[PDB]
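Chemist: Got a structure for you, upload17.pdb, holding PDB, N, CA and C atoms.
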ATOM      1  N   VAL O   1     -91.685 129.088 130.071  1.00  0.00           N
ATOM      2  CA  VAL O   1     -92.081 127.969 129.184  1.00  0.00           C
ATOM      3  C   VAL O   1     -92.556 126.817 130.051  1.00  0.00           C
ATOM      4  N   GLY O   2     -93.613 126.125 129.623  1.00  0.00           N
ATOM      5  CA  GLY O   2     -94.528 125.505 130.575  1.00  0.00           C
ATOM      6  C   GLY O   2     -95.332 126.648 131.173  1.00  0.00           C
ATOM      7  N   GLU O   3     -95.029 127.092 132.392  1.00  0.00           N
ATOM      8  CA  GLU O   3     -95.548 128.349 132.946  1.00  0.00           C
ATOM      9  C   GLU O   3     -95.028 129.591 132.175  1.00  0.00           C
ATOM     10  N   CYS O   4     -95.831 130.663 132.096  1.00  0.00           N
ATOM     11  CA  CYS O   4     -95.337 132.028 131.885  1.00  0.00           C
ATOM     12  C   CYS O   4     -94.725 132.548 133.201  1.00  0.00           C
ATOM     13  N   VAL O   5     -93.393 132.540 133.321  1.00  0.00           N
ATOM     14  CA  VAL O   5     -92.671 132.795 134.580  1.00  0.00           C
ATOM     15  C   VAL O   5     -92.921 134.225 135.050  1.00  0.00           C
ATOM     16  N   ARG O   6     -93.748 134.397 136.091  1.00  0.00           N
ATOM     17  CA  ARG O   6     -94.272 135.707 136.526  1.00  0.00           C
ATOM     18  C   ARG O   6     -94.915 136.475 135.344  1.00  0.00           C
ATOM     19  N   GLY O   7     -95.421 135.756 134.335  1.00  0.00           N
ATOM     20  CA  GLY O   7     -95.967 136.282 133.081  1.00  0.00           C
ATOM     21  C   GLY O   7     -94.961 136.428 131.926  1.00  0.00           C
ATOM     22  N   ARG O   8     -93.657 136.169 132.128  1.00  0.00           N
ATOM     23  CA  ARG O   8     -92.630 136.243 131.081  1.00  0.00           C
ATOM     24  C   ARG O   8     -92.466 134.915 130.323  1.00  0.00           C
ATOM     25  N   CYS O   9     -91.749 134.993 129.200  1.00  0.00           N
ATOM     26  CA  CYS O   9     -91.360 133.887 128.332  1.00  0.00           C
ATOM     27  C   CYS O   9     -89.871 134.001 127.948  1.00  0.00           C
ATOM     28  N   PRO O  10     -89.197 132.883 127.608  1.00  0.00           N
ATOM     29  CA  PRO O  10     -87.851 132.903 127.037  1.00  0.00           C
ATOM     30  C   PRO O  10     -87.870 133.310 125.552  1.00  0.00           C
ATOM     31  N   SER O  11     -86.671 133.421 124.966  1.00  0.00           N
ATOM     32  CA  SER O  11     -86.333 133.890 123.617  1.00  0.00           C
ATOM     33  C   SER O  11     -87.406 133.644 122.546  1.00  0.00           C
ATOM     34  N   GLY O  12     -88.267 134.645 122.331  1.00  0.00           N
ATOM     35  CA  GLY O  12     -89.270 134.659 121.267  1.00  0.00           C
ATOM     36  C   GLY O  12     -90.520 133.805 121.510  1.00  0.00           C
ATOM     37  N   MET O  13     -90.679 133.160 122.675  1.00  0.00           N
ATOM     38  CA  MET O  13     -91.917 132.446 123.025  1.00  0.00           C
ATOM     39  C   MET O  13     -93.040 133.406 123.454  1.00  0.00           C
ATOM     40  N   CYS O  14     -94.257 132.874 123.573  1.00  0.00           N
ATOM     41  CA  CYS O  14     -95.499 133.616 123.782  1.00  0.00           C
ATOM     42  C   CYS O  14     -96.338 132.992 124.916  1.00  0.00           C
ATOM     43  N   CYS O  15     -97.241 133.774 125.527  1.00  0.00           N
ATOM     44  CA  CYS O  15     -97.994 133.397 126.729  1.00  0.00           C
ATOM     45  C   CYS O  15     -99.497 133.211 126.446  1.00  0.00           C
ATOM     46  N   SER O  16     -99.998 131.983 126.623  1.00  0.00           N
ATOM     47  CA  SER O  16    -101.414 131.613 126.481  1.00  0.00           C
ATOM     48  C   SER O  16    -102.317 132.199 127.575  1.00  0.00           C
ATOM     49  N   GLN O  17    -103.631 132.189 127.313  1.00  0.00           N
ATOM     50  CA  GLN O  17    -104.700 132.583 128.240  1.00  0.00           C
ATOM     51  C   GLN O  17    -104.712 131.785 129.554  1.00  0.00           C
ATOM     52  N   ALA O  18    -104.050 130.623 129.580  1.00  0.00           N
ATOM     53  CA  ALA O  18    -103.954 129.735 130.736  1.00  0.00           C
ATOM     54  C   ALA O  18    -102.734 130.049 131.619  1.00  0.00           C
ATOM     55  N   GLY O  19    -101.980 131.117 131.315  1.00  0.00           N
ATOM     56  CA  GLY O  19    -100.746 131.448 132.028  1.00  0.00           C
ATOM     57  C   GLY O  19     -99.597 130.495 131.692  1.00  0.00           C
ATOM     58  N   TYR O  20     -99.702 129.777 130.564  1.00  0.00           N
ATOM     59  CA  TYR O  20     -98.697 128.832 130.084  1.00  0.00           C
ATOM     60  C   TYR O  20     -98.030 129.356 128.809  1.00  0.00           C
ATOM     61  N   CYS O  21     -96.705 129.237 128.757  1.00  0.00           N
ATOM     62  CA  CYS O  21     -95.803 129.822 127.777  1.00  0.00           C
ATOM     63  C   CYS O  21     -95.211 128.754 126.854  1.00  0.00           C
ATOM     64  N   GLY O  22     -95.150 129.073 125.559  1.00  0.00           N
ATOM     65  CA  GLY O  22     -94.693 128.187 124.492  1.00  0.00           C
ATOM     66  C   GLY O  22     -94.655 128.908 123.143  1.00  0.00           C
ATOM     67  N   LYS O  23     -94.641 128.147 122.045  1.00  0.00           N
ATOM     68  CA  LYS O  23     -94.697 128.683 120.680  1.00  0.00           C
ATOM     69  C   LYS O  23     -95.727 127.904 119.863  1.00  0.00           C
ATOM     70  N   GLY O  24     -96.674 128.622 119.251  1.00  0.00           N
ATOM     71  CA  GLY O  24     -97.783 128.053 118.487  1.00  0.00           C
ATOM     72  C   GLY O  24     -99.066 128.895 118.586  1.00  0.00           C
ATOM     73  N   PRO O  25    -100.147 128.488 117.888  1.00  0.00           N
ATOM     74  CA  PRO O  25    -101.411 129.223 117.798  1.00  0.00           C
ATOM     75  C   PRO O  25    -101.960 129.708 119.141  1.00  0.00           C
ATOM     76  N   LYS O  26    -102.122 128.808 120.115  1.00  0.00           N
ATOM     77  CA  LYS O  26    -102.661 129.117 121.450  1.00  0.00           C
ATOM     78  C   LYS O  26    -101.709 129.925 122.345  1.00  0.00           C
ATOM     79  N   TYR O  27    -100.455 130.114 121.926  1.00  0.00           N
ATOM     80  CA  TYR O  27     -99.460 130.893 122.655  1.00  0.00           C
ATOM     81  C   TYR O  27     -99.317 132.296 122.063  1.00  0.00           C
ATOM     82  N   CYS O  28     -99.106 132.405 120.743  1.00  0.00           N
ATOM     83  CA  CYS O  28     -98.863 133.671 120.050  1.00  0.00           C
ATOM     84  C   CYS O  28    -100.129 134.289 119.427  1.00  0.00           C
ATOM     85  N   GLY O  29    -101.158 133.478 119.161  1.00  0.00           N
ATOM     86  CA  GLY O  29    -102.552 133.893 119.011  1.00  0.00           C
ATOM     87  C   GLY O  29    -103.281 133.619 120.329  1.00  0.00           C
ATOM     88  N   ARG O  30    -104.463 132.994 120.296  1.00  0.00           N
ATOM     89  CA  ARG O  30    -105.252 132.588 121.466  1.00  0.00           C
ATOM     90  C   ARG O  30    -105.986 131.274 121.176  1.00  0.00           C
TER      91      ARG O  30
END
Translate the structure of the given file into structure tokens.
Modeler:
Amino acid sequence: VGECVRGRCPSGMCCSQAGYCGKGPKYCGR
């Protein structure tokens, strides 16, 4: 979160095209 940690995310978060992890349209969509 913030970064996708080595490409991973914490509990149910998603990874954006920018290598940044969070929850929302640009994270779980694109």
Chemist: Identify, on the basis of all atoms listed in the file, every residue whose closest approach to residue 3 (chain O) does not exceed 5 Å; exclude the query and any residue fewer than 5 positions from it along the same chain; express the result as a compact mmCIF listing (two decimals) with N, CA and C atoms, in the coordinates of the input.
Modeler:
# COMPACT_ATOMS: atom_id res chain seq x y z
N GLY O 19 -101.98 131.12 131.32
CA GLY O 19 -100.75 131.45 132.03
C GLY O 19 -99.60 130.50 131.69
N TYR O 20 -99.70 129.78 130.56
CA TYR O 20 -98.70 128.83 130.08
C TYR O 20 -98.03 129.36 128.81
N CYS O 21 -96.70 129.24 128.76
CA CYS O 21 -95.80 129.82 127.78
C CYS O 21 -95.21 128.75 126.85
Chemist: List the spatial neighbours of residue 27 (chain O) as a PyMOL selection string - criterion: any atom at most 10 Å away, only C-alpha atoms, same-chain residues fewer than 3 positions off excluded.
Modeler: chain O and resi 13-24+30
Chemist: Now that the selection is made, can you save its residues with N, CA and C atoms as a compact mmCIF listing (two decimals), keeping the file's coordinate frame?
Modeler:
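See part-v4.txt below for the written result:
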# COMPACT_ATOMS: atom_id res chain seq x y z
N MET O 13 -90.68 133.16 122.68
CA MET O 13 -91.92 132.45 123.02
C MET O 13 -93.04 133.41 123.45
N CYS O 14 -94.26 132.87 123.57
CA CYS O 14 -95.50 133.62 123.78
C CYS O 14 -96.34 132.99 124.92
N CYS O 15 -97.24 133.77 125.53
CA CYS O 15 -97.99 133.40 126.73
C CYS O 15 -99.50 133.21 126.45
N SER O 16 -100.00 131.98 126.62
CA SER O 16 -101.41 131.61 126.48
C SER O 16 -102.32 132.20 127.58
N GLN O 17 -103.63 132.19 127.31
CA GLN O 17 -104.70 132.58 128.24
C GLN O 17 -104.71 131.78 129.55
N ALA O 18 -104.05 130.62 129.58
CA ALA O 18 -103.95 129.74 130.74
C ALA O 18 -102.73 130.05 131.62
N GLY O 19 -101.98 131.12 131.32
CA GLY O 19 -100.75 131.45 132.03
C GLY O 19 -99.60 130.50 131.69
N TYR O 20 -99.70 129.78 130.56
CA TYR O 20 -98.70 128.83 130.08
C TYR O 20 -98.03 129.36 128.81
N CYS O 21 -96.70 129.24 128.76
CA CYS O 21 -95.80 129.82 127.78
C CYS O 21 -95.21 128.75 126.85
N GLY O 22 -95.15 129.07 125.56
CA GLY O 22 -94.69 128.19 124.49
C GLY O 22 -94.66 128.91 123.14
N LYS O 23 -94.64 128.15 122.04
CA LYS O 23 -94.70 128.68 120.68
C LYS O 23 -95.73 127.90 119.86
N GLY O 24 -96.67 128.62 119.25
CA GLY O 24 -97.78 128.05 118.49
C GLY O 24 -99.07 128.90 118.59
N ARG O 30 -104.46 132.99 120.30
CA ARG O 30 -105.25 132.59 121.47
C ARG O 30 -105.99 131.27 121.18
Chemist: Just the strand (DSSP E or B) stuff from chain O, please, per backbone DSSP, written as a PyMOL selection string.
Modeler: chain O and resi 2-3+5+8+14-15+20-22
Chemist: Going by DSSP on the backbone, which bits of chain O are helix (DSSP H, G or I)? Write them as a VMD selection string, please.
Modeler: chain O and resid 25 to 28
